[PDB]
Amino acid sequence: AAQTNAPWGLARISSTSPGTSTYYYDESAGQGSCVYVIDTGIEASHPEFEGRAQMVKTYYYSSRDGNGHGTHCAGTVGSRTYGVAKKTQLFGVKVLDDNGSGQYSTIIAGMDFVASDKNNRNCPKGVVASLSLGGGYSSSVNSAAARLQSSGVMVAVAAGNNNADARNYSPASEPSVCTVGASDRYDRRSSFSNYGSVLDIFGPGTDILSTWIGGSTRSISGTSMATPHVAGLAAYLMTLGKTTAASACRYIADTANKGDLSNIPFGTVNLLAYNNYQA
Ligand SMILES: [Ca+2]
Ligand SMILES: [Ca+2]
């Protein structure tokens, strides 16, 4: 399949080179997989989700995404126009409030929730969790992310937007999950992207067009935007049978574009998520 005039990030993950505009992908499109978006919620009614999104848990008064952040990230995972895995099932877990903030205790509960809830869901091609969130180092938060991964979920987390070593941020610094840095459309490390030995992979993160609340769209930037590219890619590859929840981060690193990025500090991987789709 081919989506013409795609968002640059989608085009980038299906090219060995920057500057293209078509997103090439296998038509299976993550069908049969499930991605939990652990965030401010998902506006499931957005036409871009085509009925494939639903809220399954909220830690606040409402399940509504009153911010937009979670809806944007979910759109990059699996919306029709803005998504990597255009036929995946999306599950919203609202651990962040409508200002985009959340307590670590709540974020941990949300992770524990997904590890259990997946056993109530039909996800024959596997389960992914996208965590576009984080704060300062916490062993408890890291442990929650490690548990979620261990339970059989492909966990992708944001490296953080501090232009610093991700070792000091959580869940970014948890080694066993997939820690995602951000790049821009000219293959530079995004100006804000964290770096460091704990990063597994980079994904498109600067000026990313996706869904927003009120049935709208907008472009925003962050390692929050790179993370769902990798989560969606994982879902897509799992549907194709190329990898599993336990091994996808490593598979994505194996098969990434190598050495394409600039301003990568020595000791940080120079790896950019790539679907290696060959028609
Ligand atoms: Ca290249
Ligand atoms: Ca890792």
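One is the number of the first residue shown, and numbering goes on along the chain from there.
Cβ atoms are placed via backbone N, Cα and C, with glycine included.
Per Swiss-Prot, the feature active site, charge relay system maps to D39 (among others). Counted within 10 Å of its Cβ, the other Cβ atoms near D39 (active site, charge relay system) come to 30, all protein chains included. Reduced to three states, the DSSP call for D39 (active site, charge relay system) is strand.
For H69 (among others), the entry in Swiss-Prot reads active site, charge relay system, with the evidence type sequence analysis. Long-range Cβ proximity for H69 (active site, charge relay system), meaning a same-chain Cβ under 8 A and a gap of 6 or more residues, is found for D39, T40, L96, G100, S132, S224.
Sequence annotations record features per position, and here Swiss-Prot assigns active site, charge relay system to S224 (among others) based on sequence analysis. Within 10 Å of the C-beta of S224 (active site, charge relay system) we count 28 further C-beta atoms, all protein chains included.
In the three-state DSSP assignment, the secondary structure recorded for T16 (Ca(2+) 2 binding site) is coil. The Cβ of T16 (Ca(2+) 2 binding site) lies under 8 Å from the Cβ of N257, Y274, each of these being in the same chain and 6 or more residues away along the sequence. The feature Ca(2+) 2 binding site is assigned by Swiss-Prot to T16, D260.
The Ca(2+) 1 binding site feature in Swiss-Prot is assigned to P175, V177, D200. Listed in sequence order, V198 are the same-chain residues at least 6 apart in sequence whose CB falls under 8 Å from the CB of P175 (Ca(2+) 1 binding site). Under the three-state DSSP scheme, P175 (Ca(2+) 1 binding site) falls in the coil class.
Residues or ranges marked as disulfide bond in Swiss-Prot: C34-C123 (among others). Sequence-distant neighbours of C34 (disulfide bond) (same chain, 6+ residues apart, CB-CB distance under 8 A): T88, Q89, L90, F91, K118, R121, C123, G126, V127, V128, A235. Under the three-state DSSP scheme, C34 (disulfide bond) falls in the strand class.
Neighbour count (other Cβ atoms within 10 Å of the Cβ, all protein chains): 28 for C178 (disulfide bond). The disulfide bond annotation in Swiss-Prot covers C178-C249 (among others).
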In sequence order, those recorded positions of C34, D200, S224 whose CB lies under 6 Å from ligand 2: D200
Contacting recorded positions for ligand 1, chosen from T16, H69, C123, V177, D260 when the Cβ sits under 6 angstroms of any of its atoms: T16, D260
Secondary structure of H69 (active site, charge relay system) (DSSP, helix/strand/coil): helix
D260 (Ca(2+) 2 binding site) in three-state DSSP notation: coil
